[PDB]
Amino acid sequence: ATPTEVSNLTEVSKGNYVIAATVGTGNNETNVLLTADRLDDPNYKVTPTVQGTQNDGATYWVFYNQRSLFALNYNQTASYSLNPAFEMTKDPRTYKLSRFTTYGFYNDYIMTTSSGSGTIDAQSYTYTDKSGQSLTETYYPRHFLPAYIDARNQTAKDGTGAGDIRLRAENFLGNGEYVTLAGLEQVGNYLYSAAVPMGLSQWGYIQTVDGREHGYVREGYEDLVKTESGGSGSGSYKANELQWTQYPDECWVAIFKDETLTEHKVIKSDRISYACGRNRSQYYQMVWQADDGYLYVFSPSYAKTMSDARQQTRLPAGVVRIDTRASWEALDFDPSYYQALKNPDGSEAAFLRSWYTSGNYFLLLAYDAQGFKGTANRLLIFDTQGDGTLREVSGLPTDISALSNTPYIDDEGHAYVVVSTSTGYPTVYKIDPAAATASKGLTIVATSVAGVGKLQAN
């Protein structure tokens, strides 16, 4: 497009809709917050030179109800409110958040969790390295490390998971491997999550099981153990550690009684793989409670990209479900529900994120024809009562180069997604998932938009 194209559009007025945009790419990157009273009218526009509040950016933009807008980062977590002038203001209280692998809501708490090193039950282990030098190292069990942001009282706690043995991720499924929690779906008082198996840790590898040293290593799985600390970034491994899971043909859902993550249960389904989206280091949620009282559990079968065949799964990408309206003793997968998530052309569907609108429709973000090797930039619609074949949205552009990290579901089911084409500015599109249609709306005169939501002034 051109910066003079929006000369015929009307400058929108300040309202209750909040947009987190970025003007500039790189060192000119300036994060601004804009307010508008409408998002579906394509005749309107919003300009950062007329309005907007400069902010320090965010790794994740979260909406605490229609009251606050939190900025989560791996550090400097901030929060913003809406003043009577319909402008974004910065709350005076900041929060320190350790690096987390997933996040979610629970009552008025923004919870951020990850599976890290514990403090109790340390074990010293001596071995021979790849150079021949005898080395002795102390290993700690893997524990869940929950952190909570009380958005109503505006406080932050780091929790006590490394000292509590009840929050030990090691041997969470009964096979010795430790798991990572993906998603934090609150259902009444329970927390449903996907226990993505991470494999054997250093502490779990040195575990003797019924006399068998390293008993948690399956037969013929000794050659997969990494002998030294290699890799880089989020993809790194230490010695005496078995990277990735040994059981890819399973799907484990963990149900916690409350936010303390103390008492819990686990349920297994052998129809799909683990339920998470992995881009680099964050586990995107795949478990979602729907209106029909069913928690749907999606799986793109990410384990098919593994090098060795023992860590590859033969289960295609699919979705199962769990009936959340039952007793704690009767919580299990629905044996009569299974879908084969497929692209409109019939092939298997590889996706990265998946949100829930309303009714019986989910919005998934799938890759192109390159699979997990390509770019995830296809917004498809899944029907819970369908045949697993994903439906494509009519009205979205083809040159999609950037999308909003989190869509806004209105009070009736429509999904507001900010699509950024390579030949124009980021524009809000209102998607009807029932008819699988998209309508052009507000045009943001910025480089890209991270999040869009609705807040009420205070």
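Residues numbered from 1 in each chain as written, not as in the entry; some residues may be left out. Heavy atoms only, no water.

Deposited coordinates in this entry are attributed by the record to X-ray crystallography, at a stated resolution of 3.20 Å.

The name the PDB entry gives the chain is DUF4374 domain-containing protein, with Barnesiella viscericola DSM 18177 as the organism. The record lists its title as "Siderophore-binding lipoprotein XusB from Barnesiella viscericola".

Colleague: I'm lost on the domain arrangement of the chain in this one. Help?
Modeller: Interface size is commonly expressed as the accessible surface area that is lost when the partners come together. Each domain of the chain was delimited in the assignment, giving domain 1 (1-93 + 421-428 + 442-458) and domain 2 (100-392). Domain 1 and domain 2 are separated by 33 Å when their C-alpha centres are compared. The interface is formed by 12 residues belonging to domain 1 together with 13 residues belonging to domain 2. Summed over both sides, the interface of domain 1 with domain 2 buries roughly 1200 Å², with 66% coming from carbon and sulfur. Of all residues in domain 1, the largest losses of buried area upon contact with domain 2 belong to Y60, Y64 and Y74, amounting jointly to 47% of the total for that side. Summed over the shared surface of domain 1 and domain 2, the result is 4 residue pairs in polar contact. The set of elements that each furnish at least two residues to the side of domain 1 that touches domain 2 consists of β6 (60-64) and β7 (68-72). (Domains from an automatic or database assignment. Contact = heavy atoms within 4.5 Å. Buried area = accessible area lost by both parts, 1.4 Å probe. Polar contact = N/O pair within 3.5 Å; in protein donor to acceptor, adjacent residues only side chain to side chain. Helix = DSSP H or I, 4+ residues; strand = E, 2+ residues; numbered from the N terminus.)

Colleague: Could you clarify how one ought to interpret the pairing of strand β32 (residues 351-356) in this entry?
Modeller: Along any regular strand, the residues point their side chains to alternate faces of the sheet. Burial of β32 is extensive: 6 of the 6 residues sit out of reach of the surface. Of the pairings in the sheet, the one linking β32 to strand β33 (residues 361-366) comprises 5 bridges and is antiparallel in character. Within the sheet, the bridge partner assigned to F351 lies in β33 and is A366. In textbook terms, the turn of a hairpin is the stretch between consecutive antiparallel strands, and for β32 and β33 this stretch comprises 4 residues, one of which, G359, has a positive phi near 65°. (Buried < 20%, exposed > 50% of the residue type's maximum accessible area, 1.4 Å probe, protein only. Pairing = 2+ DSSP bridges.)

Colleague: Please explain the sheet that holds strand β10 (residues 102-106) as it appears in this structure.
Modeller: Through backbone hydrogen bonds, the strands of a sheet pair up, either in parallel or in antiparallel fashion. If you walk across this open sheet you meet the 4 strands as β10-β11-β16-β17, and the pairing is antiparallel. Of all the strands in the sheet, just β10 and β17 (155-157) have a single pairing partner and so form its edges. On average, each strand axis in the sheet is inclined to that of its neighbour by 20°, with strand direction left out of account. As paired elements, strand β11 (residues 109-113) and strand β16 (residues 147-150) share 4 bridges and run antiparallel to each other. Note on β16: the bridge partner recorded for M111 is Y148. (Axes fitted to C-alpha atoms, helices over the stretch in contact; angles between N-to-C directions.)

Colleague: Sorry if this is basic, but what is going on with the layout of surface pockets here?
Modeller: The method is simple in principle: a probe with the dimensions of a water molecule rolls over the atoms, and the space it marks as empty is what remains. Taken as a whole, the largest pocket encloses approximately 1400 Å³ of empty space. Along the wall of the largest pocket there are 47 residues; nearest its centre are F63, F105, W288, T406 and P407. With 7 residues, the top contributor of residues to the lining of the largest pocket is strand β41 (residues 448-454). Along the lines of polarity and charge, the residues of the lining of the largest pocket split into 23 nonpolar, 19 polar and 5 charged. Two domains each provide a minimum of three residues to the lining of the largest pocket, namely domain 1 (1-93 + 421-428 + 442-458) and domain 2 (100-392). Counted as a void, the second largest pocket has a volume near 1100 Å³. Contributing to the lining of the second largest pocket are 38 residues, with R142, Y178, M198, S234 and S236 lying nearest its centre. Mapped by element, the contributors of at least two residues to the lining of the second largest pocket are β12 (115-117), β14 (134-139), β19 (190-197), α1 (202-205), β22 (235-237) and β23 (242-243). (1 Å grid on protein atoms, 1.4 Å probe; cavity = no way out; pocket = protein on both sides within 12 Å on 5 of 7 lines; lining within 4 Å. Points joined across faces, edges and corners; volume = space filled by probe spheres on them. Nonpolar A, V, L, I, M, F, W, Y, C, P; charged D, E, K, R; others polar.)

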